[PDB]
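Only one chain is included here, represented as structure tokens and corresponding to the form deposited in one PDB entry.
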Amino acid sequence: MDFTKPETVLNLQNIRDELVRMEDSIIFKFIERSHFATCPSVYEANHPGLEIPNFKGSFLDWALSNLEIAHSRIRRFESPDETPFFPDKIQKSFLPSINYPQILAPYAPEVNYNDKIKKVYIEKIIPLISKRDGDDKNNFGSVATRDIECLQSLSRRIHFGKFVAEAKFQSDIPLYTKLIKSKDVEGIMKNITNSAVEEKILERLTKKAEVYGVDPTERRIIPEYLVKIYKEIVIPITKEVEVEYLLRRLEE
């Protein structure tokens, strides 16, 4: 995949490879986050102790928004595969731009489910992957920086669905043009879903959950929980991105 050669990107064999690459990535990031307690205070807005000056919002938000502003100056968000968490906070780059071709439809950057991703990460994911409940006062920084790594991988994996959608669109213009014009979300859903491919994915994740992080010489991740996160969070939100992208495909 070369984001300057449209044809390597809109290649489904390639898209598949990247998603695989991305799942191992997410797993590694989950295993690192698993070494700390849940640290409820890292996520509370304006927590009594972790009180950031001139700042409403959480300790995580501060660390994340700040990372984004730095990265944005170094062209982080010009790339079609990178979606910001604080879109309103990011700056313009001070580096010469890379003239990315127009691969996805021009409204692509508006399809942004990051608010929802940060929310379920905090509410449904931290609980299943953290070491124990409660604050670990000496590791709030270790925790937030790990949270950002997890959030950014999930966000890309999930937003990758825009690429997946376009690739599916090109392969059967007639089918998707019918569905899109008639706003048949159920038809789009039914079509972009492959129950046999998902089954395989969930199987792969269980075995990867079983061999990763564990010294080959007990389990940093609970297989059931990793499968649960994919089945209930990652896969479903990716389809939400896909159908939203498609319904606006033939707009202007």
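Numbering starts at 1 and follows the sequence shown.
What comes next is about the form solved in complex with a small molecule, which is not displayed.
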- Query: So which of 52, 197, 214, 45 gets a non-hydrogen atom within 4.5 Å of the small molecule in the deposited complex?
  - Reply: 197
- Query: Which pick from 22, 9, 243, 235 sits with a heavy atom within 4.5 Å of the small molecule in the deposited complex?
  - Reply: 235
- Should residue 228 be classed as touching the small molecule in the deposited complex when contacts are defined as heavy atoms within 4.5 Å? no
- Hey, in the deposited complex, does residue 66 get a heavy atom within 4.5 angstroms of the small molecule? no
- Contact between residue 193 and the small molecule in the deposited complex at 4.5 Å, heavy atoms? yes
- Counting only non-hydrogen atoms and a 4.5 angstroms cut-off, does residue 37 reach the small molecule in the deposited complex? no
- Message: Counting any heavy atom within 4.5 Å as contact, can you tell me which stretch out of 103-111, 174-182, 125-133, 160-168 lines the small molecule in the deposited complex?
- Response: 160-168
- Message: Quick one: 16, 201 and 239 and the small molecule in the deposited complex, is every residue within 4.5 Å by at least one heavy atom?
- Response: yes
